[PDB]
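Colleague: Quick one: structure below, then a few questions.
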Amino acid sequence: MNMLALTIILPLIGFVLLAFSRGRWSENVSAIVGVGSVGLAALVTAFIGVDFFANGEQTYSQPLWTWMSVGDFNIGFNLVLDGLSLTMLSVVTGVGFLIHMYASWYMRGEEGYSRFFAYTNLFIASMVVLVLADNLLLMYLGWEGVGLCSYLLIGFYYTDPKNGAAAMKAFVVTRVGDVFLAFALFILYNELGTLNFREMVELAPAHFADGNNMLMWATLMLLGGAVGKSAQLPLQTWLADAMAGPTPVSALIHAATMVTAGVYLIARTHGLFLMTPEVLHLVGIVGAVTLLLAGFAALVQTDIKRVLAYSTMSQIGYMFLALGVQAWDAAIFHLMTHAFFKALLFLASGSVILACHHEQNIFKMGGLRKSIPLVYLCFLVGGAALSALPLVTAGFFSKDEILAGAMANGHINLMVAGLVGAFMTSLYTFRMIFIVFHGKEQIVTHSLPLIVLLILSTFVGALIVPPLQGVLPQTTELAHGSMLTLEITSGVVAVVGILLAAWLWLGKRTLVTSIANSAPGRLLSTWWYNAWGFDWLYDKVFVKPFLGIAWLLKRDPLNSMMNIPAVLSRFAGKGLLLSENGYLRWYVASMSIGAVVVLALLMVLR
Amino acid sequence: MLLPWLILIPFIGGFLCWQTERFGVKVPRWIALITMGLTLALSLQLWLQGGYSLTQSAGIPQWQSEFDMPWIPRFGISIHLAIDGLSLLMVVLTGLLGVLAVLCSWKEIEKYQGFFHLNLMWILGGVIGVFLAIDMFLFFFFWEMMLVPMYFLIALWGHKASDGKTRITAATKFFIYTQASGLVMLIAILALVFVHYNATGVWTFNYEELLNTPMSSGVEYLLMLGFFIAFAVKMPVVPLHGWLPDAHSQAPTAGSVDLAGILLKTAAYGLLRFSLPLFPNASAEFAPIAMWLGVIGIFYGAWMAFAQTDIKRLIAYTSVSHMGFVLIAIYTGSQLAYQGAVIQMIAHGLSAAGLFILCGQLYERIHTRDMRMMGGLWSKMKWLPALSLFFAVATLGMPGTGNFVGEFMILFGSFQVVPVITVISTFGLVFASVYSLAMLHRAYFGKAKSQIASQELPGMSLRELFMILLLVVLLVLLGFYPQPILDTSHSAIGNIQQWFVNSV
Ligand SMILES: CCCCCCCCCCCCCCCCCC(=O)OC[C@H](COP(=O)(O)OCCN)OC(=O)CCCCCCCCCCCCCCCCC
Ligand SMILES: CCCCCCCCCCCCCCCCCC(=O)OC[C@H](COP(=O)(O)OCCN)OC(=O)CCCCCCCCCCCCCCCCC
Ligand SMILES: CCCCCCCCCCCCCCCCCC(=O)OC[C@H](COP(=O)(O)OCCN)OC(=O)CCCCCCCCCCCCCCCCC
Ligand SMILES: CCCCCCCCCCCCCCCCCC(=O)OC[C@H](COP(=O)(O)OCCN)OC(=O)CCCCCCCCCCCCCCCCC
Ligand SMILES: CCCCCCCCCCCCCCCCCC(=O)OC[C@H](COP(=O)(O)OCCN)OC(=O)CCCCCCCCCCCCCCCCC
Ligand SMILES: CCCCCCCCCCCCCCCCCC(=O)OC[C@H](COP(=O)(O)OCCN)OC(=O)CCCCCCCCCCCCCCCCC
Ligand SMILES: CCCCCCCCCCCCCCCCCCCC
C-alpha cells in the first residue's frame with residue numbers, strides 16, 4: 001500500500017529511458033522496457049488492491065512533498081487512494097498493459113518505436129497522477145500531462161500535415177476545457193482557501209450557507225472542464241478528426257485514459273455538485289444530448305474508426321447521464337465495462353485495418369468473416385457488449401444500472417433519451433458490423456490481450472464490482488417490478504435494434520438506397536456526417552476570425568504607430584534643411600527676420 | 001561586502017578578455033568562462049550564507065547585505081549596493097545566463113573575439129549593477145550603461161546574413177527607445193529628489209531616504225508615469241515593444257547576446273523595487289491601466305507570434321506575452337501573485353534561453369530561419385527537435401515546468417484581486433498554447449518544403465547538449481519543486497507587498 005508512488009515512478013522511468021534511447025535500442029528491448037514498465041505498474045496496482053481489500057476499505061494517504069507554500073496557499077504533493085481511485089488505477093493499468101502488449105505486436109517494423117512507447121508511458125504516468133491526486137492542482141498536473149500525451153500520440157505520423165492539424169484541434173479544444181477547469185480552481189481557492197477535495201466537502205456548506213452563486217459558477221466550470229476532456233457538448237468536435245494516431249492510441253484515449261477524466265472529475269467532486277442540483281441536472285442534460293447526437297452521427301458514418309469514436313461519445317454521454325441522475329456507482333461500473341469492450345473493439349478494428357492493409361471506408365470491404373474468424377468473434381462480442389445484449393454481456397448490466405438509477409430518481413425525459421440512445425446504439429453498431437463483415441469478398452503478443460478483453464467484455468466483466476461503498480453515495484433503489492420491466496424493455500429495444508439492422512443492412516440495401524437518394528436523405532446525411540455542423544460553426548466562429556486577425560496584425564500596426572514620430576522627425580529635418588541654401592543675402596534677411604521677431608516678442612510681452 | 005566584487009568581477013574579467021587576446025584567439029573565451037564562473041560561485045555563496053529561507057519580513061528597507069561608498073558627495077550620491085532575496089535570485093539568474101552565453105559562443109574564433117567578450121561581460125556587469133544598486137543615480141547609471149555594449153554587439157557582431165543597414169537600424173531603434181525611456185526615468189528621479197530636497201533640505205539619492213517623501217496627488221502620478229515609461233519600454237509593454245523583435249532578429253548568430261542583456265527582467269524588478277514602494281497611491285490608481293495594458297500585451301504578443309514567419313521573432317513575441325502576464329501580476333497587490341511573478345520571470349528566462357540557444361543551433365545546422373523553408377526536421381536531427389518540443393511545451397504553460405507554477409500563482413493572486421483580467425489572461429494562455437503548437441508544426445513536423453531541409457544534419461555538440469539539458473533539468477526542478485526559490489524571495493516580496501497595501 002506504501003508503493004502508491006511506484007505506479008508513477010515506473011512509467012516515468014520507462015518514458016525517460018525510452019526517450020533518451022532515441023531508437024538506438026532494438027525493438028525487442030524497447031518493447032520489453034515499455035510493456036514491462038506498464039506491467040510493473042499493473043502488478044504494483046494488484047498488490048495495492050490486495051492490501052486495500054485486506055485493510056477493510058480504508059482510505060490511504062501518501063504525501064511526498066509540498067508543491068507550493070505561499071502564505072495560506074498550501075498545495076501538497078500527496079497521493080490518495082479510495083475505492084474510486086483504486087478502480088480508476090486498476091482500469092488504467094490493466095487496459096494500458098493489454099494495449100501496450102497489443103502495440104508491441106502492432107508497431108513492429110515502424111519508426112518511432114521508442115518514441116511511441118515513451119509517449120504512452122508518460123500518458124500512463126500522467127493518468128495515474130490524475131486519478132491519484134488529492135488536490136485539484138496535482139490533478140491539474142495529471143490533466144495537462146494527459147492532454148500533452150494525447151497531442152503527442154494523435155499526431156504520431158507527423159509526416160502527414162492532416163495528422164498535425166488534428167493534433168492541433170485536439171490540443172486547442174482540450175486546452176479550452178483546461179482553462180475552464182482553471183476557472184473552477186481559481187473560484188474554489190478564492191472561496192474556500194484550499195484545493196483539497198476532503199477540505200472542500202468539509203468546509204463548503206459552512207462558507208456557502210448564505211450565498212451559492214460562486215459555488216454554482218465553480219461547478220459550472222468544473223462541468224466545462226469535464227466536457228472538455230470527455231469530448232462532450234459543446235467541446236466534442238476534436239475526437240473524430242483527432243483519430244489520426246495509430247490504433248492503440250485510439251484505444252488508450254477512448255477506453256482507458258483520456259475521456260474518463262471528465263467522469264472522474266464529476267464523480268470525485270460529487271459533494272459540490274450535490275449541493276448545486278441545477279448543475280448536476282445540466283450534466284445529465286449535456287450527456288443525454290451528447291449521446292443522442294453521437295448516435296445520429298454514428299448512424300451515417302462511413303469510417304469504422306469514426307463510428308467507433310461516436311460510439312465512445314455516446315457511451316460517455318450515457319456516463320454523464322448517470323452522473324446527472326446521481327447514479328455514481330453505475331457510472332463507474334459503466335466506465336469499467338465500456339473501457340473493456342471499447343478497448344476490445346478498437347484492437348479488433350486495428351486487426352481489421354492491418355488485414356485490409358489500408359484505411360478504407362466500411363463500404364469497400366465486406367464478407368470478412370471467412371478471412372478472419374477470431375477478429376470477427378472479437379467484433380461480434382464487442383458489438384454485443386456495446387449494444388447492451390442481455391444476460392451475456394456486461395454492457396447490459398452496466399446500462400441497466402444506469403437507467404435504473406435514472407428512473408429511480410424521477411427523471412423520465414432522460415429515461416426516454418436513454419432508451420432511444422440504446423436503440424440507436426444497437427442500430428449503428430450492428431449496421432457497421434453487418435456492412436464490414438457480411439457481403440461479397442473483394443480483397451502470442453497480441454492474441455493474449457484480445458482473449459483477456461474477450462473474457463472481460465462478457466458477463467465476467469460484470470462479475471467484477473468496484474469498491475465504491477463508502478466513497479460515493481448509494482443510489483435510491485428501484486422497485487422490483489419496475490426494475491424487471493426496465494430490464495425487459497431494454498432487452499426488447501436491443502433485440503429490435505438488432506432485427507432492424509439485419510433487415511436493413513444484412514440483406515441487399517434496397518430501403519437504405521431508397522431513403523438515401525431523396526433530398527431529405529441528402530440533407531440529413533450531410534448534417535449527421537459533419538457532426539451536426541459543430542466543427543463548421545467553430546471554424547466560422549473561432550478559427551476564421553483568429554486567422555483574419557493574425558493576417559491583419561502580421562505587419563505590427565503598433566510598431567508603425569510608434570515609428571510615426573521618426574518619420575515626422577525626418578520630414579521636419581528635411582524641411583528645415585531648405586533654409587541652409589548657402590546664400591549670404593538670405594542669411595542676412597533671416598538675421599533681420601529674427602531681430603524683428605525678438606523685438607516684437609519683447610514688445611508684446613512687456 | 002561581496003557586492004562590489006560581484007559587479008567589478010565581470011568588468012575586470014572583460015578587460016582581461018580584451019588584454020589576453022595577444023596570447024591567443026582561443027584565450028578570451030576561457031577567461032570569460034572563468035570570470036562568469038567566479039561570479040556565479042560568488043552568487044551561490046551569497047545564497048548559501050544569506051539564510052534567506054529563515055528570514056522573516058520586517059519592512060522596507062531590509063537587505064541581507066549592504067555596501068556604501070560616496071561617489072558624488074555634492075548631490076549626496078553614493079555607490080550604494082544592497083542585496084536581499086529577490087535581488088539575489090536575479091543575480092544568480094544573471095550569472096547562470098552569462099555562463100550559458102559564454103558557452104554558447106565557444107566556437108567563435110574571430111579575430112576580434114576579445115572585444116566581443118569584453119562587450120558581453122560589460123553587459124552582464126551592468127545587469128548585475130541594475131539588480132544590486134539601491135541608489136537612484138547608480139541604478140540609472142547601470143540601466144543606461146548596459147545599452148552601449150548591447151548596441152555595439154547588435155550593430156557589429158550581429159546577424160551576418162542580413163545587411164549591415166538593417167542591423168544598424170535595429171540597434172539604433174533599440175538604443176533610442178531604451179535611452180529615451182531612461183532619460184524620462186532620470187527626470188522622474190530628479191523631480192523626486194528635488195521634492196525631497198524642498199521638503200527636507202538634505203541632498204540625497206538613496207532609495208531608503210526617498211521612500212518617506214511627502215508628495216501631492218498628481219506629482220506622484222507624473223513620477224510613477226516616468227518610471228513606468230522606462231520599465232514598460234524595457235519590459236516590453238505595448239505599444240512600446242517593437243525594439244524587442246527588431247533587436248532579436250538582428251542579434252548575433254550564436255544567440256548569446258540575446259541571453260546576456262535582452263533576456264533578463266530588469267524592468268519588472270524595477271517595477272517591484274522602485275515603482276511600487278516609492279509611489280504607492282499613484283501605482284494603486286494606475287493599476288487598472290497597467291493591468292489592461294498587460295492583457296492587451298498578452299493577446300498582441302500571441303497574435304504577433306502566430307503570424308510570424310521567423311522563429312526569433314516568434315520567441316520575441318512570446319516574451320512580450322509572458323511579460324504582459326508579469327505586468328498583470330505586479331499591479332495586483334497580492335503576495336501570491338508577486339511570488340508567481342518571480343517564479344514566472346525566472347522560468348521564462350530559462351525557457352527563452354533554451355529556445356534561443358536551440359534556434360541558434362538550428363540556424364548553424366540549416367542556415368535559414370523562415371518557417372516556409374523547414375518542415376519534418378524530426379527525422380533529420382538527433383537531439384534538437386525533441387528538446388525544442390520540450391521548451392515549446394514549457395512556454396505554453398505546461399505543468400511540470402516552472403512556467404506553469406508562475407502563471408498559475410499569478411492568476412490565483414489576480415483572481416483574488418481582479419477576476420475579469422484573470423479569465424481573459426487564461427484565454428491568453430490558450431492563445432500561448434496555440435502559437436507554440438503552430439511553431440512546432442511549422443518547424444519540425446510535416447514534409448520538407450526546401451532542399452536544405454531534405455538532407456541529414458549533424459548532431460549537436462557535447463557542450464550545447466550539456467547546457468540545454470542543464471536548462472531542462474532546472475526547468476523541471478522548478479516546475480516540481482519551486483519551494484527553495486519561493487522561500488528565498490519570501491521576505492522581499494512580503495516587504496514590498498506590505499509597503500504597497502499599508503500605504504493606500
Ligand atoms: C508527478 C509524478 C510522480 C512524482 C515523482 C516524480 C516527480 C518529478 C521528478 C523530478 C523532480 C523531483 C523533485 C522532488 C525531488 C525530491 C525532493 C523533495 O521534494 O524533498 C522534499 C521531501 C523532504 O522534505 P520535506 O520537508 O518533507 O518536504 C515538505 C516541504 N518542506 O522529500 C521527501 O519527503 C522524499 C520524496 C522522494 C520522492 C522521490 C521521487 C523520485 C522520482 C524519480 C523520477 C525519475 C524521472 C524524472 C523525470 C520525469 C519526467 C519529467
Ligand atoms: C511527471 C508525470 C506526468 C505528469 C505530467 C507531466 C507533463 C509535462 C512533462 C514535461 C516533459 C517533456 C514531455 C515531452 C518530451 C518529448 C520528448 C520526445 O519526444 O523525446 C523522444 C526523443 C526520441 O524519440 P525519436 O523520435 O525516436 O528520436 C529523435 C529522432 N532521432 O527523445 C530525444 O530525442 C531525447 C530526449 C528528449 C527530451 C526528453 C524529455 C526531457 C524532460 C524530462 C526529463 C528531464 C531530465 C531528468 C531529470 C529531471 C530533474 C531531476
Ligand atoms: C460553444 C461554447 C463553448 C465555447 C468555448 C470557447 C471556444 C472553444 C473553441 C473550440 C474549437 C477550437 C478549434 C481550433 C482548431 C485548431 C486547429 C486548426 O484549425 O489548425 C489549422 C491551423 C494550422 O496552423 P498552421 O501552423 O498555419 O498550419 C500549417 C499548415 N497546415 O491553425 C489555426 O488556424 C490556428 C487556430 C487557432 C484557434 C484559437 C482558438 C481560441 C479560442 C478562444 C476562445 C475565447 C472564448 C470567448 C470569446 C469571446 C466571448 C465574448
Ligand atoms: C508612452 C509614450 C509617451 C512617452 C514616450 C517616451 C520616449 C521613449 C519611447 C518612445 C520612443 C520612440 C522612438 C521612435 C523612433 C525609433 C528610432 C528609429 O526607428 O530609428 C531608425 C530610423 C532610421 O531607419 P530607417 O527606417 O532605415 O530610415 C530611413 C532613412 N535612411 O531613424 C529615423 O528615422 C530617425 C530617428 C531620429 C531619432 C529618433 C526619433 C526621436 C523622436 C522623439 C523621441 C522622444 C519621444 C517623443 C514622443 C514619442 C511618441 C509618443
Ligand atoms: C517632433 C514631434 C514628435 C515628438 C514629440 C511628441 C510630444 C512629446 C511630449 C509628450 C508629453 C507632453 C506632456 C505630458 C505631461 C503633461 C503634464 C500635465 O498635463 O500635468 C498637469 C497635471 C499636473 O498635476 P497638478 O494638478 O498640477 O498637481 C498639483 C496638485 N494636484 O497632471 C496631472 O494632474 C496628472 C496627469 C496625468 C496624465 C498626463 C500624462 C500622460 C502621459 C502619456 C504617456 C504615458 C501614458 C501611460 C502609459 C502608456 C503605455 C506605456
Ligand atoms: C518626452 C519626454 C519628456 C516630457 C517632458 C518633460 C517632463 C514634463 C513634466 C510636466 C510636469 C507638469 C507639472 C504641472 C504642475 C507644476 C506646478 C505644481 O503643481 O508644482 C508643485 C510643486 C512645486 O510646489 P511645492 O511647494 O514643491 O509643492 C509640492 C507638491 N508635491 O512641483 C514640484 O515640486 C515639482 C513637480 C514635478 C512633477 C514631475 C515632473 C517629471 C515627471 C516625469 C516625466 C513626465 C511624465 C512621464 C512621461 C509622460 C510622457 C512623455
Ligand atoms: C534562479 C535559478 C533557479 C534554477 C531552478 C531551481 C529550482 C529549484 C530546485 C531545488 C532543488 C530540488 C531538488 C532537491 C531538493 C532538496 C530538498 C532538501 C530539503 C528538504
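Protein chains in written order, with the authors' numbering: chain L, 1 to 443, 451 to 613; chain M, 1 to 504.
All C-beta atoms in this analysis are idealised placements derived from N, C-alpha and C, irrespective of residue type, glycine included.
1) Please state if the CB of residue 218 of chain L and the CB of residue 446 of chain L are separated by a distance shorter than 8 Å.
2) Between the Cα of residue 10 of chain M and the Cα atoms of M:197, M:33 and M:501, which residue gives the shortest distance?
3) For residue 66 of chain L, would you say it is in contact with chain M, using Cβ-to-Cβ distances shorter than 8 Å as the test?
4) Listed by chain order, which residues have C-beta atoms less than 6 Å from any heavy atom of ligand 6?
5) Does chain L have any CB closer than 8 Å to the CB of residue 303 of chain M?
6) Excluding sequence positions up to five away, which residues of its chain have a Cβ less than 8 Å from the Cβ of residue 40 of chain M?
7) When you compare the CB of residue 267 of chain L with every CB in chain M, is at least one pair closer than 8 Å?
8) Can you give the Cα-Cα distance for residue 140 of chain L and residue 399 of chain M, rounded to whole angstroms?
9) Just checking my contact of residue 489 of chain L with residue 407 of chain L at CB under 8 Å: how many whole Å lie between their CB atoms?
10) Over what stretch of residues does the beta strand (DSSP E) that includes residue 68 of chain L continue unbroken?
11) Check each residue of the region 163-178 of chain L: if its Cβ is closer than 9 Å to any Cβ of chain M, include it; give the result in chain order.
12) Comparing C-alpha positions only, which one of L:222, L:211 and L:423 sits nearest to residue 265 of chain L?
13) Answer with buried or exposed for residue 372 of chain M, where buried requires no fewer than 16 other C-beta atoms within 10 angstroms of its C-beta.
14) Which runs of the alpha helix (DSSP H) spanning at least 4 residues fall entirely within the region 212-296 of chain L, listed in chain order?
15) From this set, L:124, L:79, L:77 and L:78, which residue's C-alpha is nearest residue 100 of chain L's C-alpha?
16) With distances taken Cα to Cα, identify the nearest neighbour of residue 357 of chain M among M:260, M:307 and M:376.
17) Looking at the secondary structure, which residues open and close the alpha helix (DSSP H) in which residue 540 of chain L lies?
18) Let's test the definition: count the other Cβ atoms within 10 Å of the Cβ of residue 143 of chain L and tell me whether it reaches 16, buried, or not, exposed.
19) Give me whichever residues DSSP pairs with residue 578 of chain L in a beta bridge.
20) Verify whether the separation of the beta carbon atoms of residue 52 of chain M and residue 134 of chain M is less than 8 Å.
21) Determine the burial state of residue 489 of chain M: buried for a count of at least 16 other Cβ atoms within 10 Å of its Cβ, exposed for fewer.
22) I'd like to check one pair, residue 169 of chain L with residue 238 of chain L: are the Cβ atoms closer than 8 Å?
23) Leaving out five residues before and five after residue 583 of chain L in sequence, what residues of the same chain have Cβ atoms less than 6 Å from its Cβ?
24) Verify the CB distance criterion: does residue 441 of chain M have a CB-CB separation below 8 Å to chain L?
25) Would you mind reading off the limits of the alpha helix (DSSP H) that contains residue 497 of chain L?
26) For residue 70 of chain M, which beta-bridge partners are listed by DSSP?
27) At 8 Å on the CB atoms, spell out the chain M contacts of residue 569 of chain L, in chain order.
28) Please report the Cβ distance between residue 338 of chain M and residue 283 of chain M, rounded to the nearest whole angstrom; I am assuming they are in contact, meaning their Cβ atoms lie under 8 Å.
29) If residue 87 of chain L and residue 475 of chain L are in contact, beta carbons under 8 Å, what's the gap, nearest whole angstrom?
30) So, is the C-beta of residue 144 of chain L closer than 8 Å to a C-beta in chain M?
31) For a contact meaning CB atoms closer than 8 Å, what does residue 148 of chain L contact in chain M?
32) Using CA coordinates, which residue listed in L:504, L:401, L:160 and L:83 is at the minimum distance from residue 493 of chain L?
33) What residues from the region 186-219 of chain L come within 7 Å of chain M, judged by C-beta to C-beta, listed N to C?
34) For ligand 5, is there a heavy atom less than 7 Å away from the beta-carbon of residue 283 of chain M?
35) Can you check DSSP and say which residues form a bridge with residue 517 of chain M?
36) At which residues does the alpha helix (DSSP H) containing residue 74 of chain L begin and terminate?
Modeller: Reading it off the structure:
1) Not modelled: residue 446 of chain L, which lies between 443 and 451, the two residues flanking a gap in chain L.
2) M:33
3) yes
4) M:184, M:187, M:188, M:191, M:195, M:198, M:215, M:216, M:219, M:222, M:223, M:225, M:226 and M:229
5) yes
6) 92, 95, 96, 98 and 99
7) So, not an interface residue.
8) 8 Å
9) 7 Å
10) 60-70
11) 163, 164, 165, 167, 168, 171, 172, 175, 176 and 178
12) Closest by alpha carbon: L:222.
13) Its Cβ having fewer than 16 others within 10 Å, residue 372 of chain M is exposed.
14) 213-229, 238-241, 247-251, 261-268 and 270-274
15) L:124
16) Cα-wise, what sits closest to residue 357 of chain M is M:260.
17) Taken as a continuous stretch (DSSP letters only), residue 540 of chain L belongs to no alpha helix (DSSP H), as it is neither H nor E.
18) buried
19) Beta-bridge pairing links residue 578 of chain L to no other residue.
20) no
21) buried
22) The Cβ-Cβ distance between residue 238 of chain L and residue 169 of chain L falls below 8 Å.
23) none
24) Yes, its Cβ sits closer than 8 Å to a Cβ of chain L.
25) 487-508
26) The partner list for residue 70 of chain M (beta bridge, DSSP) reads M:78.
27) 239, 240 and 242
28) Not quite, the Cβ-Cβ distance comes to about 13 Å (not below 8 Å), so this is no contact.
29) 7 Å
30) yes
31) 393 and 398
32) Per the C-alpha coordinates, the member of L:504, L:401, L:160 and L:83 positioned closest to residue 493 of chain L is L:401.
33) 186, 189 and 190
34) no
35) Because residue 517 of chain M is not part of the residues shown, which for chain M are 1 to 504, the question remains open.
36) It is not in any alpha helix (DSSP H) - residue 74 of chain L instead sits in the beta strand (DSSP E) that spans 73-81.
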